C-alpha cells in the first residue's frame, strides 16, 4: 500500500462522488417546483423573503429548523397564531407591539416595518409553512 495508491483513491473517489452529487442535484432541482409548491411562490412571498433577509430574522429565529436558537421556529408559527385566515392580521399586531418589555425576558426589536412589508412577510411565512419537508417539525411547537 503506497503513497501513489492513496493518491489515486483520493482522485478517483473525489471525481466519482463529485459527479454523483451533481447528478443528484440536477434531479432534486427538477422536483422543487412540486415539493415547494412554486406555483404559489408569489411576488408577495418573494418580497417577504427580502424583508426576512434585510431584518436578519434568522439571527434569532430558526426557519425549517435552521438559523439561530434564541427565539421560536417560524416555519410553522402560522399554526400557533390564527391559521390561514387570521395570520396576516396577527403579524401586523405582532410587529407593531415590540418590544414587549417584560423584565428579564428575551426581547425582539421594533423594526418599524410598513404594512406592505409585514403583509409580504406573512405571505412568505405562510408559503414556507407549506413546503414538503418530510413532515418536519414533530409537532405544532416547532
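Residue numbers count along the first chain shown, from 1.
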property	result
Residue range whose averaged C-alpha B-factor is higher in the record, 81 to 89 or 97 to 105	81 to 89
Mean C-alpha temperature factor, higher of 70 to 78 and 26 to 34	26 to 34
Among 62, 56, 110, 42 - the residue whose C-alpha B-factor is largest in the record	42
For residue 139, the third of its chain into which the C-alpha B factor falls	lowest
